[PDB]
């Protein structure tokens, strides 16, 4: 029957068959369902697209600063170690060098792809081959002050975490870094890798080394990296410019250590903080991730799981299968319970759904016969009652649906009184159709999602049909402008509204879409083969609900 992962009726992985194809540059490509990128059919073709680059051995030519290391001059070497340079050596800055240094300074991906190395036994010093997830993480950790990663296990995260920590200390002066982990030996392992990165850097990017031991390093610029077992002592006692928290979810009695962290980041001496971990049930981390993902804590959420290692997407026969058999083989020889625990970064005591099943079980519906159009009337319009309409237009039409909700806003408890749901109505005749329902419900104001179709619909209502009740956040944008944050907090507010019983949903298909509107880290969406149009239209309302003008349309 099912692919192990697809245990219930729900599809968590699509077969290679259903994947989009493409023939280009003499090779057969297959689109991956995890990132929507094109991957060659043959594994051998993937390798000649991600081939190894040797960083050549340079003690000879100081002119070639990109690779130059003064390894043979022992006086220049820190403690006679070839890879490390003595503290306080004056570098001879040429104009080229300054530009390249500065380039690395504010382009972390370039620095990571050009200068970070691993020393291979067969090919010598080679460039680290970054992965798309790692690249994404570098950008985020760099551009944002506070970042939190919900990763799976056996992703080589440390490789990227090391590169970043290296980049920080090598291109910032007088900056103290503290790595915090459950055990101090864990955080010692992290900086070991950071040191493995630092020691392979060319002279011009390598600051001189003052201290260089297991639990601590210090550079001649003033920057340091300290390995610590997580404690409230470590945070208060030190003045950190950056705090990296390793395996955060698996740190017992973290609440006090976390409270010690607050003043260090939150208004605030204002320092960077990077958290990376696999999840561990509904503990303190679930609260961190949720606050980040709902856009409440200023943290930038990021997530990556097994499929980010693209080697797994090619089977034993070296043909692209989008991780179909690797996943089967990894499920076997172990357990589904363990695969979720090891490879999926899912939280234990919960499903993905935005709305808790605890709430989705209590939710009753009102069965009604819809119009010629897609309109479901739950409660008739009443004179002197305030209504609010939200519209998520298709694009689209199956693909997906047009979704209009009408919400009775009069009382303290808001009620969904009408829903238009259609994949048959053209967006050219929709404005009129929608209007008669808006006009039926006491000249109901409407907040339209400004997608390609929405913008158009907004025009027709406000201008062509001269409807004076269309809500706009600006004069260029006649509806809800789509942003990452609007969706995030719209979902967050929708969750609250629904669960605290401020918003009452009557439409069965709406409640049913909530049933499969779940985690699509770092956001929420509909899972395979489901629609989210009805939910997404209510997200619009959620976001509108937070707006001051709404506090009484």
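Positions refer to the first chain, counted from 1.
Asker: For the higher mean C-alpha B factor in the entry, choose 426-434 or 256-264.
Answerer: Going by the record's values, the stretch with the higher mean is 256-264.
Asker: Quick one: say whether 351-359 or 266-274 has the higher mean Cα B-factor in the deposited entry.
Answerer: Between 351-359 and 266-274, it is 266-274.
Asker: According to the deposited entry, which of 456, 308, 303, 341 has the largest Cα B-factor?
Answerer: Reading the PDB entry, the winner on C-alpha B-factor is 341.
Asker: At the C-alpha atoms, which of 200, 98, 419, 448 reaches the highest B-factor in this entry?
Answerer: Highest CA B-factor of the listed options: 98.
Asker: Select lowest, middle or highest to describe the third in which the CA B-factor of residue 289 falls within its chain in this entry.
Answerer: Residue 289: CA B-factor falls in the lowest third of its chain.
Asker: Based on the deposited C-alpha B factors for this chain, I'd like to know if residue 392 is in the lowest, middle or highest third.
Answerer: CA B-factor rank for residue 392: lowest third.
Asker: Which third of the chain holds residue 324 when residues are ordered by C-alpha B factor: lowest, middle or highest?
Answerer: Middle third of the chain for residue 324's C-alpha B-factor.
Asker: Could you look up the Cα B-factor of residue 211 in the entry and say which third of the chain it sits in: lowest, middle or highest?
Answerer: For residue 211, the deposited C-alpha B-factor lands in the middle third.
Asker: Once the chain's modelled residues are ordered by C-alpha B factor and cut into thirds, is residue 69 in the lowest, middle or highest one?
Answerer: Middle third by C-alpha B-factor.
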